[PDB]
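First the structure, then my questions, so here it is.
The chains referred to below are lettered A, B, ... by the order of the sequence lines, with proteins before strands, and numbering in each begins at 1. Values below: all heavy atoms of this structure, side chains included; hydrogens, waters and symmetry mates excluded.
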There are 2 protein chains.
Amino acid sequence: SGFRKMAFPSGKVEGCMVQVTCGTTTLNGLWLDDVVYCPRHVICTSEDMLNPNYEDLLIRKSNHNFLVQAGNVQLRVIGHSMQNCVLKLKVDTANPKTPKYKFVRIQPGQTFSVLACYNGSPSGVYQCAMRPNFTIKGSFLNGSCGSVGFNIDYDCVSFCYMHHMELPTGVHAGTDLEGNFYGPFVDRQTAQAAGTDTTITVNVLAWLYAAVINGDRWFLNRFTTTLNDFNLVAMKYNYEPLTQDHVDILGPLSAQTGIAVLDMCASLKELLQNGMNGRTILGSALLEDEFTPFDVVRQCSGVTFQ
Amino acid sequence: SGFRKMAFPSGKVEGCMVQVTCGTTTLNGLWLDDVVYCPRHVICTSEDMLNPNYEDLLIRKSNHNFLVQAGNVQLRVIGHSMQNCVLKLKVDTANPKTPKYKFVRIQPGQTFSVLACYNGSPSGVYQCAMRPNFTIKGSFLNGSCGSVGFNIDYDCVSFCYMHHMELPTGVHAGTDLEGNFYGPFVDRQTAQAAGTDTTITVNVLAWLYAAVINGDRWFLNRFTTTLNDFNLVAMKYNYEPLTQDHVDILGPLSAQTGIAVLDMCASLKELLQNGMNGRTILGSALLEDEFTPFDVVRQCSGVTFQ
Ligand SMILES: *[C@H](O)[C@H](C[C@@H]1CCNC1=O)NC(=O)[C@H](CC1CCCCC1)NC(=O)[C@@H](NC(=O)OCC(F)(F)F)[C@@H](C)OC(C)(C)C
Ligand SMILES: *[C@H](O)[C@H](C[C@@H]1CCNC1=O)NC(=O)[C@H](CC1CCCCC1)NC(=O)[C@@H](NC(=O)OCC(F)(F)F)[C@@H](C)OC(C)(C)C
């Protein structure tokens, strides 16, 4: 028993982190096969940031402008290309520690692990969710750019995030590994703001199911509610609508606990309406929303990865 | 910015996990050099658990009773010895992925990462603290025994925990890597209970300093308080006494934020006295106590590990 915000083992991603240096900019890159992926603003300088034209900026660079440090070993760039907001630096050495891997663009509400890195050297690992507004509430300092987010499925690393920037509110924005920003953000230092975030309702429900599997039962009730009637109470409290597809995903957690999904929704309703009144759920005093249904099943049942 | 409950990168420990099987018991072991460490109750069976004599139980086993699975490779046990509550199975293969490593017995209040494992295969990584009552609020299912807790210091893995058992309250007990239980617990299925836990005050203070570094300032005040007067308010709310040694550890966090340690104690006092009144600190509605002063400095400043 117990329930922890749990990251995937990070050893497969640690083996891919490298330091990429160009001019006065140093950040992390991801080394898979003979290619290093990193944010394209690595080619910017201190006066390139206000409104850059990265095509113009990139035709001006040569391969020997890119210093790619892998441990105490310099990699040699032999070519470069830009796809959307990321550089691909082709290097002469294929990474022998290349895991099996995919690039995936995740939907909001989905979670992943972030291996935070500085100077190509992994510092820490934590769990995150894509917020409905396509930010992530990360922990990033300067030099953490090019750090990646990821899920692991059996033996395969699905890369889903690469870090570019902190917004003035202190949340973080970034791209998928093919370089497309999550959300409306560009990689240009301008006025930009997150957009009103909302709470991932389907995840809160999955976490309440986690609690029930782990002995917390005080918040349940006998009431039920229709899906329409739940979303009327949802939108007041700035929760996302629950779709019928959300209900079906929550099927196995309903089946294993014997609590119909619509009954857990009646629980959440009263929780939002009456507060928690000095009680806690899974050691938390707030309704947590960064566990997906995947996660709860993974952690409450025991799925590993080789 | 941001502040996350952050584990160390786990790749160095992942490379040491193995599956140890003996009779009907399968758990994880730790493979460093030519030795596999695992909990000694691996030699118990389903009727060996009520009150065992592990010396008697162990003189009865031969090396070929221990199946040591490392990936899809059987290791051969060539000898075995018991130190306190852990077996050391000597094997013919030295682990080539052996990190640099130490065994340390940590004080309560200290934190570490747990790489949760099943069948020798890492499943997840999370952060933990040794609770003042020598339990850990872990996330462990059946088969997670022999999973280890650890800190990383530069390039060296300080192993500090190995998992043995869940208590009826659902918290977890275990040994250091030299096999000495944390706390009064034995490895014998008996009536056993945790003992009244308390809140790690020095850690709560370090976390409030984290908040201040990250822009949360609402809980501060102009008041100060003496150390004695703080501990009078502490012991009511089941907090641990703050020692002068706790104050000095919190020095750099005092110096970097400009908030004298005794002034942050006056803040905590009013927080315990007046609640948080619907506000949150670092996205939390409870006073968090599983960041040490180390951690806050590590995460708010950027220390990595090669
Ligand atoms: C990468 O190492 C670095 C990490 C940042 C720094 C602090 N935590 C992080 O996540 N990334 C940057 O510093 C990034 C540079 C890059 C330059 C070309 C355009 C794309 C970004 N800049 C930022 O993260 C700044 N944010 C910002 O003002 O961008 C504009 C927008 F849209 F508002 F986000 C950071 C450094 O913000 C301030 C407020 C200046 C601290
Ligand atoms: C190792 O894989 C396994 C992990 C446990 C199971 C569920 N989560 C865990 O942390 N360890 C055990 O199951 C362990 C066996 C071992 C046998 C010889 C004596 C030392 C323990 N037993 C337990 O963790 C049980 N706890 C227990 O009752 O021990 C006595 C004490 F002191 F009360 F803790 C678990 C399985 O407890 C119950 C309540 C039966 C679920």
Legend entry - Shortest non-hydrogen contact between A7(B) and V125(B), atoms and distance: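 Heavy-atom minimum between the residues: CB-CG2, 3.5 Å.
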
Legend entry - side chain to side chain contact (heavy atoms under 4.5 Å, CB included) between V86(A) and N84(A), worked out: CA-CA 6 Å; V86(A) 296; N84(A) 313 311; 5.7 Å; no

Legend entry - Check: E288(A) and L282(A) side chains under 4.5 Å, non-hydrogen atoms: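 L282(A) vs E288(A): side chains apart.
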
Legend entry - Distance, nearest 0.5 Å, that separates CE of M264(B) from CG of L253(B):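 Reported to 0.5 Å precision, the distance equals 8.5 Å.
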
Legend entry - Residue pair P122(B) / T304(A): nearest heavy atoms and the distance that separates them: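 Nearest heavy atoms, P122(B) then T304(A): O-CB, 3.9 Å.
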
Inset, instruction - Indicate the ring-plane relationship of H163(B) and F140(B), choosing parallel, tilted or perpendicular according to the 30° and 60° boundaries. - result: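 Plane angle under 30°, so parallel.
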
Legend entry - Distance (rounded to the nearest 0.5 Å) between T292(A) OG1 and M130(A) CE: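 The CE atom of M130(A) is 13.5 Å from OG1 of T292(A), to the nearest 0.5 Å.
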
Inset, instruction - Locate the shortest heavy-atom distance separating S123(B) from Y118(B); write the atom from each residue and the value. - result: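 Of all heavy-atom pairs spanning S123(B) and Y118(B), the closest is CB-CD1, 3.9 Å.
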
Legend entry - Heavy-atom donor-acceptor pair, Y209(A) side chain to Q256(A) backbone, under 3.5 Å: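 No.
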
Inset, instruction - Taking the side chain as every heavy atom from C-beta outward, state whether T175(A) and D187(A) have any atom pair closer than 4.5 Å. - result: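 Sidechains of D187(A) and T175(A): no contact.
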
Inset, instruction - Please list, chain by chain and in numerical order, all residues satisfying salt bridge (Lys or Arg N to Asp or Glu O under 4.0 Å) with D229(A), sequence neighbours excluded. - result: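 Applying salt bridge (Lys or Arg N to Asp or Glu O under 4.0 Å) to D229(A) gives none.
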
Inset, instruction - Verify, without hydrogens or angle tests, whether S254(A) (side chain) and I259(A) (backbone) share a donor-acceptor contact under 3.5 angstrom. - result: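 Present.
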
Legend entry - Beyond-backbone contact of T199(B) with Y237(B), side-chain heavy atoms, under 4.5 angstrom: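 They are not in contact (no side-chain heavy atoms under 4.5 Å apart), so the answer is no.
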
Inset, instruction - Report yes or no: does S147(B) contribute a side-chain atom to a donor-acceptor pair with the main-chain N or O of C117(B) at less than 3.5 Å? - result: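 Flag set: sc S147(B) to bb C117(B) pair under 3.5 Å.
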
Legend entry - Name of the residue among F294(A), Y182(A), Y161(A), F150(A) meeting ring pair (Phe, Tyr, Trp, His ring centres under 6.0 Å) with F112(A):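 Only one of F294(A), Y182(A), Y161(A), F150(A) forms a ring pair (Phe, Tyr, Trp, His ring centres under 6.0 Å) with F112(A), namely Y161(A).
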
Legend entry - Interatomic spacing from CE in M17(B) to CG in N119(B) - rounded to 0.5 Å: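 CG of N119(B) is found 11.5 Å from CE of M17(B).
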
Inset, instruction - Take atom CD of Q107(A) as the centre, draw a 6.0 Å sphere, and report whether it contains more than 12 heavy atoms from other residues, nucleotides or ligands. - result: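 Result for CD/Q107(A): open.
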
Inset, instruction - Give the minimum heavy-atom separation between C265(A) and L205(A), together with the two atoms involved. - result: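 Distance-wise, the nearest heavy atoms are SG-CD1, 3.8 Å.
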
Inset, instruction - Say whether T135(B) and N133(B), considering side chains only, have a donor N or O and an acceptor N or O under 3.5 Å apart. - result: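 The answer is yes; a qualifying pair exists.
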
Legend entry - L287(B) vs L268(B) side-chain heavy atoms within contact, under 4.5 Å: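 A side-chain contact under 4.5 Å exists here.
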
Inset, instruction - Show your working on side chain to side chain donor-acceptor pair (under 3.5 Å) between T111(A) and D295(A) and close with a plain yes or no. - result: CA-CA 9 Å; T111(A) 53; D295(A) 305 333; 2.9 Å; yes

Inset, instruction - Show the numbers, then the answer: is there a side chain to side chain contact (heavy atoms under 4.5 Å, CB included) between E270(B) and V233(B)? - result: CA-CA 10 Å; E270(B) 307 302 305; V233(B) 189; over 6 Å; no

Inset, instruction - For this output row, return yes or no: ring centroids of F291(A) and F3(A) closer than 6.0 angstrom. - result: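 Between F3(A) and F291(A), which both carry aromatic rings, the centre distance is below 6.0 Å.
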
Inset, instruction - First locate atom OG of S144(A), then atom CE of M165(A), and finally report the distance between them rounded to the nearest 0.5 Å. - result: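 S144(A) atom OG to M165(A) atom CE measures 12.0 Å (nearest 0.5 Å).
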
Legend entry - Test item: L167(B) and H172(B) side chains (from C-beta on) under 4.5 Å apart, heavy atoms: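 No. Closest side-chain heavy atoms not under 4.5 Å.
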
Inset, instruction - Report yes or no: does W207(B) contribute a side-chain atom to a donor-acceptor pair with the main-chain N or O of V296(B) at less than 3.5 Å? - result: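 Between the backbone of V296(B) and the side chain of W207(B) there is no qualifying donor-acceptor contact (under 3.5 Å).
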
Less than 3.5 Å apart, which donor and acceptor atoms pair up between the side chains of residues 239-250 of chain A and the rest of the protein, not counting sequence neighbours?
| residue | atom | partner | partner atom | Å |
| --- | --- | --- | --- | --- |
| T243(A) | OG1 | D245(A) | N | 3.1 |
| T243(A) | OG1 | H246(A) | N | 2.9 |
| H246(A) | ND1 | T243(A) | N | 3.0 |

Legend entry - Ion pair check, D289(B) and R131(B), cut-off under 4.0 Å: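 Salt bridge present between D289(B) and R131(B).
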
Inset, instruction - Let me see the working for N238(B) and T198(B) under side chain to side chain donor-acceptor pair (under 3.5 Å), right down to the final yes or no. - result: CA-CA 5 Å; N238(B) 203 42; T198(B) 46; 5.5 Å; no

Inset, instruction - Please round to the nearest 0.5 Å and tell me the distance separating atom SG of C160(A) and atom CD of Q110(A). - result: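 Atom-to-atom, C160(A):SG and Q110(A):CD are 9.5 Å apart.
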
Inset, instruction - Take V204(A) and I200(A), measure what side chain to side chain contact (heavy atoms under 4.5 Å, CB included) needs, and give me the verdict at the end. - result: CA-CA 7 Å; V204(A) 176; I200(A) 314 163; 6.0 Å; no

Inset, instruction - Determine, step by step, whether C156(A) and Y154(A) satisfy the side chain to side chain contact (heavy atoms under 4.5 Å, CB included) criterion, reporting the C-alpha distance in whole Å, the side-chain angles of both residues, the deciding distance to 0.1 Å, and the verdict. - result: CA-CA 6 Å; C156(A) 175; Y154(A) 284 65; over 6 Å; no

Legend entry - Residue pair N28(B) / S121(B): nearest heavy atoms and the distance that separates them: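 Where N28(B) meets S121(B) most closely, the heavy atoms are OD1-N, 4.0 Å.
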
Legend entry - Neighbour count >12 (heavy atoms, 6.0 Å) for atom CZ, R298(B):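 Result for CZ/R298(B): enclosed.
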
Legend entry - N214(A) side chain vs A210(A) backbone, donor-acceptor pair below 3.5 Å: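 Checking the backbone N and O of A210(A) against the side chain of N214(A), a donor-acceptor pair under 3.5 Å is found.
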
Legend entry - Test item: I281(B) and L271(B) side chains (from C-beta on) under 4.5 Å apart, heavy atoms: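 SC-SC contact between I281(B) and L271(B) confirmed.
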
Inset, instruction - Rounded to the nearest 0.5 Å, what's the gap from OG on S1(B) to CD on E166(A)? Could you check? - result: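 Rounded to the nearest 0.5 Å, the OG-CD separation comes to 3.5 Å.
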
Inset, instruction - Using a 4.5 Å cut-off on heavy atoms from C-beta on, say whether the side chain of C16(A) contacts that of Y101(A). - result: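 Result no, sub-4.5 Å side-chain heavy-atom pair not found.
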
Inset, instruction - Indicate yes or no: does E290(A) engage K137(A) in a salt bridge with an N to O separation below 4.0 Å. - result: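 No, this pair does not count.
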
Inset, instruction - Locate the shortest heavy-atom distance separating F219(A) from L208(A); write the atom from each residue and the value. - result: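 Residues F219(A) and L208(A), closest heavy atoms: CZ-O, 3.7 Å.
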
Legend entry - Side chain to side chain, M162(A) and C85(A), heavy atoms closer than 4.5 Å: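 Answer no - side chains too far apart.
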
